[PDB]
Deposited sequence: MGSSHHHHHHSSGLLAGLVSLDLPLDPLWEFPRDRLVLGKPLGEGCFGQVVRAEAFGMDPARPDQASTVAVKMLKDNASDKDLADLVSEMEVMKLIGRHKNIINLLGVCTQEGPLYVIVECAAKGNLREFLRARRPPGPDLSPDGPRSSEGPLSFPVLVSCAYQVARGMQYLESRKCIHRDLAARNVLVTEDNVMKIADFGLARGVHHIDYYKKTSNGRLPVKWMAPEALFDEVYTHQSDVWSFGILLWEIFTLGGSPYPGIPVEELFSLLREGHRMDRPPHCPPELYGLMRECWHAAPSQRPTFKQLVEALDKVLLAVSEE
C-alpha cells in the first residue's frame, strides 16, 4: 500500500471475482477472474480477465510495480497481452490483463496434431498466420524498445479467435543468474531458445529475440515440438560452439526452413529484422 493512485489505470477491486489459478506451480499468484464494467460504458457487463498478485519482500513489490509500469509504457497492440487495469488502493496489489482463452501456443499446437480423416485441425496457412502474428507483435515491442529475452511458443497465448498474443514481455528475467540446466515443471529447457551472444556473452539485442523467433518458427512447424530433440544441455553447449543448427522439420516447405536458418545466423546483423520477417511471412500468406 501507499502506492500512488494512477486514475488512468485504477480499477475497483470489488468489480473482480477471482477464479481458478493459472500456470503450473505458482502458489496462486495468477488467477483467472471475471470483471464487471472493465468498459466504463457498460458498467454491468462481464468479461474474463487474468489477475496477477503478490505472495512478500520489499523487492517482490518493486518487481511487480516495475512490471506493471512497463506494461503501462509499452501501449496496446493486437498481438500482445495488454494491460487492462490495476488495483493499488485499499487492498492487495493486482495487475489485470487480457485473458487469452485457448492457452499457450505450444499446448495449442500439440493438442491439434493430426470424409476429413486426412485433415487435422491445423492447415499450413493458419500456421503461417500464427508466425506472422507473433512477428507483428514482436515488431511492435521492438518499436517500443522492449526486448523479450525468452520468446518461445510457451510465451505466446491464443485467444478465442486464434489471435496470437505475446505474453510476459515485461517480466523480470534475472539474466545474470540463469541456471542453464534448469528444467521447468513441464520439461522445458529454456536455454534452448537463447541466442549465442546471450548464452555465451550475456548480451541481448532485438536480434537475440530474432534468434528465439527462429526457434519459435521451428516449434510452430513441428506442431509444438521440443527443439534440439534428445540433446541435453551439456551437449547443446558444445554443439552451439561448433555452429550446429536444427534440421529441417518434416512437412515444412523450404521457404520456412529458410527463414529459420536466417534467424540463426551467427552474426546478429545477418539475421533478419522483425520488420523483414513480417514482410517475408506476409508474402507467403498472400501466396495463399
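S.K.: Which residue ranges of the deposited sequence are not present in the modelled coordinates?
M.R.: Residues missing from the model, as numbered along the full deposited sequence, span 1 to 20, 76 to 77, 137 to 145, 320 to 322.
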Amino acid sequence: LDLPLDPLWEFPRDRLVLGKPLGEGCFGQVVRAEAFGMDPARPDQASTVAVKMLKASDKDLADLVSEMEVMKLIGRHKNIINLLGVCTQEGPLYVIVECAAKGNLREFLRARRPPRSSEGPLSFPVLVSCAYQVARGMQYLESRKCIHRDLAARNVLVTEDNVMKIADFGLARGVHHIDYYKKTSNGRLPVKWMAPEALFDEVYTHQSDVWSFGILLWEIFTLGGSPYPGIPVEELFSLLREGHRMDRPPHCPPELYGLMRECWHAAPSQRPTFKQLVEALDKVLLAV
From here on, numbers count along this sequence of modelled residues.
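S.K.: Pick between 228 to 236 and 25 to 33: the one whose mean CA B-factor in the entry is higher.
M.R.: For C-alpha atoms only, the mean B-factor is higher in 25 to 33.
S.K.: So which stretch wins on mean C-alpha B-factor, 105 to 113 or 72 to 80?
M.R.: The deposited B-factors put 72 to 80 ahead on the C-alpha mean.
S.K.: Whose C-alpha has the highest temperature factor in the PDB entry: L61, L256, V51, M246?
M.R.: Reading the PDB entry, the winner on C-alpha B-factor is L61.
S.K.: Could you say which of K192, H177, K165, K182 has its CA atom at the highest B factor, as listed in the PDB entry?
M.R.: That would be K182, according to the entry.
S.K.: Determine, from the deposited record, the chain-internal third of the Cα B-factor for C252: lowest, middle or highest.
M.R.: CA B-factor rank for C252: middle third.
S.K.: By the recorded C-alpha temperature factor, relative to the other modelled residues in its chain, which third is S123 in?
M.R.: Ranked within chain, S123 CA B lands in the middle tercile.
S.K.: Once the chain's modelled residues are ordered by C-alpha B factor and cut into thirds, is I220 in the lowest, middle or highest one?
M.R.: Lowest third.
S.K.: Splitting the chain's C-alpha B-factors into thirds, which one does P92 fall into?
M.R.: Tercile = highest for this residue's CA B-factor.
S.K.: Consider only the C-alpha atoms of the modelled residues in this chain, order them by B-factor as the entry records it, and name the third containing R149: lowest, middle or highest.
M.R.: As the PDB entry reports it, the C-alpha B-factor of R149 lands in the lowest third of its chain.
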